[PDB]
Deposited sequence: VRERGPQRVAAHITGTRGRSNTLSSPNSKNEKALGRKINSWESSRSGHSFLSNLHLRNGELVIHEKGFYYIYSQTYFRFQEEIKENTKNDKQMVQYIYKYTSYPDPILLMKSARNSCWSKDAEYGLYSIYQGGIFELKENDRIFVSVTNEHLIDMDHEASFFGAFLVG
């Protein structure tokens, strides 16, 4: 089985730039409902082992709030796959988005966000994963 769901561990009050927009999230972890099967975690990125279509999704709890999902292929710069944007009026702005994407062996994917208004790493409120579809 090829699948992964990694948890955001929180230990609340948490734009863009040339190559990648927002700031990359790397505080996930492989006791919080997160696992790794035929995929691993490194530098806060999901490294692909098997080539195939993958339904990638991410929920970032914000507690211009835009969530990004990049892929690092055999190409110098990060390739943006999906982007979920929101704008506030306290606040509650969870953001879920997913989509099927073709990946090659060694492709690394990561989540990026605009900290426009805090991000809560509740292992239940903020996760990142993907799985092989066929």
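Comparing the deposited sequence with the modelled residues, the stretches lacking C-alpha coordinates are 1 to 7, 19 to 20, 24 to 27, 44 to 45, 79 to 91, 118 to 123.
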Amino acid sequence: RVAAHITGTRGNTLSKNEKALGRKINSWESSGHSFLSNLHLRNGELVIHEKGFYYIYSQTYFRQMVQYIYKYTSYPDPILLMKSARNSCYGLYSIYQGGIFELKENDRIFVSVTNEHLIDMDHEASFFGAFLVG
From here on, numbers count along this sequence of modelled residues.
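Note that the rigid core is defined as the largest set of C-alphas that superpose within 1.5 Å between two forms.
Of the two stretches examined, 32 to 40 and 74 to 82, the one with higher mean CA deviation in 4 other deposited structures of this protein after a rigid core fit is 32 to 40. Using the rigid core as the fitting frame, the root mean square C-alpha deviation in 4 other deposited structures of this protein is greater for 111 to 119 than for the other of 111 to 119 and 21 to 29. Per the compared records, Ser126 is resolved in all of the other entries whose models span it, so no third of them omit it. Residue-level annotation: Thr13 lacks coordinates in a third or more of the other entries compared, counting only those that model residues on either side of it. Taking only CA atoms, the mean B-factor in the PDB entry is higher for 72 to 80 than for the other of 72 to 80 and 52 to 60. Once the C-alpha B-factors are averaged per stretch, 31 to 39 and 105 to 113 rank with 31 to 39 first.
Within the selection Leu14, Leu21, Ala125, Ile25, the deposited Cα B-factor values reach their highest point at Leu21.
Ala130 sits in the lowest third of its chain by CA B factor, as recorded in the PDB entry.
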